[PDB]
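In: sequence-free structure coming up:
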Ligand SMILES: OC[C@H]1O[C@@H]2O[C@H]3[C@H](O)[C@@H](O)[C@@H](O[C@H]4[C@H](O)[C@@H](O)[C@@H](O[C@H]5[C@H](O)[C@@H](O)[C@@H](O[C@H]6[C@H](O)[C@@H](O)[C@@H](O[C@H]7[C@H](O)[C@@H](O)[C@@H](O[C@H]8[C@H](O)[C@@H](O)[C@@H](O[C@H]9[C@H](O)[C@@H](O)[C@@H](O[C@H]1[C@H](O)[C@H]2O)O[C@@H]9CO)O[C@@H]8CO)O[C@@H]7CO)O[C@@H]6CO)O[C@@H]5CO)O[C@@H]4CO)O[C@@H]3CO
Ligand SMILES: [Ca+2]
């Protein structure tokens, strides 16, 4: 077996503690090469003339080239060491350790996890674990106070097809007036996009971090929303744009005035002075060269404390967490101290990061709790909507990303279908609601936090900005209540099955020819298995169901019942039908 292709490291995503006495270990190797992989360990200082402990590393999954094994090590003391024992297709074991590969346990070496400090155990909020959140674009959700509307605020109709200039008067007031609907849907939190004082129409160029933009509301109405949302089991996550600021930022506009004379000149990455010409950027901007957005020197103690204050202020109003905008561009130092702040000032506050590449570094339990699962959305779009990938690839992609980070974080990724920055999903699906529903079913059942884009729950359709940003349909008789109802159930069903919340995943069936997939979430003994038949035809499949831990399941959706013949579960699914089989456990 190709040992060059075998991996492990006493850290990060391959060696972390799941408590102050237990230690998780993952190891990978080529798909095929390894059959059995057991981990032999013992307390580090333990005397040589003693016995080692054992533990069978279970094959947790396989992507398009590797096989992943995972096993839990019991460390009564917080100190531990350990070596692997990888077997191949021909029972020819090998020992894997910090020194290399060798036949003799000793010559193999031994990995080491010095000590497991209780303060370094990845720990995320409890409500977070079982959430289901609703992304809200304030301006397009609901207008509850037409006074605050900006001039020429075009009319609010289902026939609207907004362009880059539209305004509709969406505000905080309406959001409050709709709390009832929101509550009915079953969401347990509302992640808002930016809402602080800003000139633009998106509010990403903060003008006053400490004040709600006028057109949306005021500190009173916000507290109103926070209080009114809370007493309904719904929390409030806000978009913190720390990477860069708005050119109306008090600090910045001063540097434009005073110049080198300003006490805030070293608060930005400015070229020379003059600064902020019509377009020629005489300073560093968050993007390629956007004028209205000068980068904030987050390494600077002044800048750092200012935002940390902007942080303490808003949490005083009772918000439950932050969605870190373009997080991957501020010093880990800042990000670490941020957590310490936020968390001392509130243990259940959630820090969700937005990184568009590998976020492993920020996900070691000392910075973000989770980040946007941009990977999930790709595997979802290409599998259900475009049909660019079959269920074997869909299994691969999902599985490879699942192994990307410590479970604490894996379990917390915000799985979304779309955003305000993308065409609506029902559109990506062509309009074939059969496909949409299927994807949603998967979303409401897969590992991680489902994130609902305002509107999709009842039928919205559209192209990336600004067509996806159409005004929310409230007219009872223009909302796909079938959908809305479909959502509610899934959502409730998700809250019910303690397996679909804190469980893990495991691939159960993949048929590249049938384009049918299926996985299994398991918490204790409880098993729930989702059978997704993604194809415009009716099919039948025999899912390997060892009669061991369950030989009869109930379809949580259509209540139908069913059992397994000789450990083989026969099933037939209507086109695009999806099945959620429970094992009662
Ligand atoms: O405040 C800034 C915004 O922050 C937040 O957004 C962040 C993203 O979430 C995050 O992922 C990241 O983006 C990276 C991206 O994911 C990477 O892939 C890469 O981008 C490259 C991309 O992959 C390539 O495809 C290509 O882009 C092509 C693109 O695919 C294609 O569609 C087209 O794009 C044109 C648009 O279709 C067209 O609409 C227009 O774009 C307008 C836009 O419509 C308009 O609204 C305005 O944008 C505003 C926006 O409305 C505000 O909301 C705010 O955006 C924030 C987001 O909301 C946050 O979620 O501010 C924006 C401006 O201040 O202006 C746009 C500009 O015209 O034109 C587009 C063409 O220019 O063609 C392109 C081909 O270029 O190349 C990409 C870059 O090479 O890298 C990204 C960054 O690393 O970061 C985001 C924040 O920067
Ligand atoms: Ca309004």
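Out: Okay, I see it. Residues are numbered from 1 along each chain as shown. Ligands and ions are numbered 1, 2, ... in the order given.
In: Give me every residue in the stretch 101-250 of the chain lying close to ligand 1.
Out: Residues of the stretch 101-250 of the chain found near ligand 1 (CB under 6 Å from any ligand atom) are 164, 202, 204. Every C-beta, even on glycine, is put in place using the N, C-alpha and C of the backbone.
In: With neighbour count, secondary structure and distance to residue 444 as extra columns, can I get these in CSV?
Out: Shown next, in CSV, are these (neighbours: other CB atoms under 10 Å; DSSP: H, G, I helix; E, B strand; the rest coil; distance: CB to CB, whole Å):
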residue, neighbour count, secondary structure, distance to residue 444
164, 8, coil, 33
202, 15, coil, 29
204, 21, coil, 30
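In: From the residues you listed, pick the one nearest residue 238.
Out: residue 204 (13.1 Å; CB to CB).
In: closest to residue 126 among the residues of the stretch 101-250 of the chain next to ligand 1?
Out: Set against residue 126, the nearest of these by CB to CB is residue 204 (31.3 Å).
In: is it true that that closest one touches residue 195?
Out: No: with contact defined as CB atoms under 8 Å, residue 204 does not reach residue 195; the gap is 10.9 Å.
In: which element follows the strand or helix carrying residue 342 toward the C-terminus?
Out: Assigned by DSSP states H and E, residue 342 falls within helix 332-344. Next helix or strand after helix 332-344 toward the C-terminus (DSSP H and E): strand 350-353.
In: In the stretch 251-400 of the chain, which residue sits closest to ligand 1?
Out: Closest contact between the stretch 251-400 of the chain and ligand 1, by CB to the nearest ligand atom, is at residue 356 (4.0 Å).
In: The nearest residue to that residue once chain neighbours are set aside: neighbour count?
Out: Leaving out its chain neighbours, the residue that sits closest to residue 356 by CB to CB, 6 or more residues apart in numbering is residue 374, at 5.8 Å. Number of residues near residue 374 (other CB atoms under 10 Å) recorded here: 18.
In: Which neighbouring elements make contact with the helix holding residue 342?
Out: Contact here means 3 or more CB pairs under 8 Å, 6 or more residues apart in numbering; DSSP states H and E; on that basis helix 332-344 packs against helix 301-316, strand 350-353.
In: what's the angle between the longest one and helix 332-344?
Out: Compare the direction of helix 301-316 with that of helix 332-344 by axes from the mean of the first three to the mean of the last three CA atoms, to 10 degrees and you get 30 degrees.
In: Can you give the contact residues for whatever helix or strand comes next after helix 301-316?
Out: Proceeding C-terminally, helix 301-316 gives way to strand 321-324 as the next helix or strand, assigned by DSSP H and E. Outside strand 321-324, the residues within contact range by CB atoms under 8 Å, 6 or more residues apart in numbering are 125, 189, 191, 235-240, 242, 311, 335, 342, 349-354, 368.
In: Tell me if strand 321-324 is near ligand 1.
Out: No: applying CB under 6 Å from any ligand atom, one finds strand 321-324 out of contact with ligand 1, separated by at least 9.6 Å.
In: so how far is that strand off the chain centroid?
Out: The chain centre lies 12 Å from the centre of strand 321-324; the measure is CA atoms, centre = their mean, to the nearest Å.
In: Could you list the paired strands of that strand along with their orientation?
Out: Partners of strand 321-324 in the sheet, by DSSP bridges, are strand 235-240 (parallel), strand 350-353 (parallel).
In: residues in contact with the last one?
Out: Surrounding strand 350-353, the residues in contact under the criterion CB under 8 Å, 6+ apart are 124-125, 128, 191, 237, 320-324, 327-328, 338-339, 342, 359, 362, 367-372, 414.
In: Nearest residue to residue 379 in space, please, no chain neighbours.
Out: Distances taken as CB to CB, 6+ apart place residue 397 nearest to residue 379, at 4.1 Å, with adjacent residues excluded.
In: Can I take it that the one you found is in a helix?
Out: Yes: assignment of residue 397 by DSSP: H, G, I helix; E, B strand; the rest coil places it within a helix.
In: so it makes contact with residue 390?
Out: No: when contacts are counted by CB under 8 Å, residue 397 is not listed as touching residue 390 (11.1 Å).
In: Neighbours of residue 255, how many?
Out: Residues within reach of residue 255, counting by other CB under 10 Å, total 24.
In: Does it touch residue 269 like I think?
Out: No: with contact defined as CB under 8 Å, residue 255 does not reach residue 269; the gap is 11.6 Å.
In: distance of the residue in the stretch 51-200 of the chain that ligand 1 sits nearest to from residue 232?
Out: The stretch 51-200 of the chain approaches ligand 1 most closely through residue 164 (6.0 Å), counting by CB to the nearest ligand atom. According to CB to CB, to the nearest Å, residue 164 stands 35 Å off from residue 232.
In: again, but for residue 470
Out: 26 Å.
In: Show me which of these two is the more surrounded one.
Out: More crowded of residue 470 and residue 232, by other CB under 10 Å: residue 470, with 22 against 15.
In: Wondering if stretch 378-385 reaches ligand 1 at all.
Out: No: using CB under 6 Å from any ligand atom, no contact is recorded between stretch 378-385 and ligand 1, whose separation bottoms out at 11.0 Å.
In: picking that back up, got phi/psi on the closest residue to the residue of the stretch 51-200 of the chain closest to ligand 1 other than its chain neighbours?
Out: Nearest in space to residue 164, with sequence neighbours left out and distances taken as CB to CB, 6+ apart, is residue 466 at 5.5 Å. Note on residue 466: backbone dihedrals following degrees, to the nearest 10 are phi -110, psi 20.
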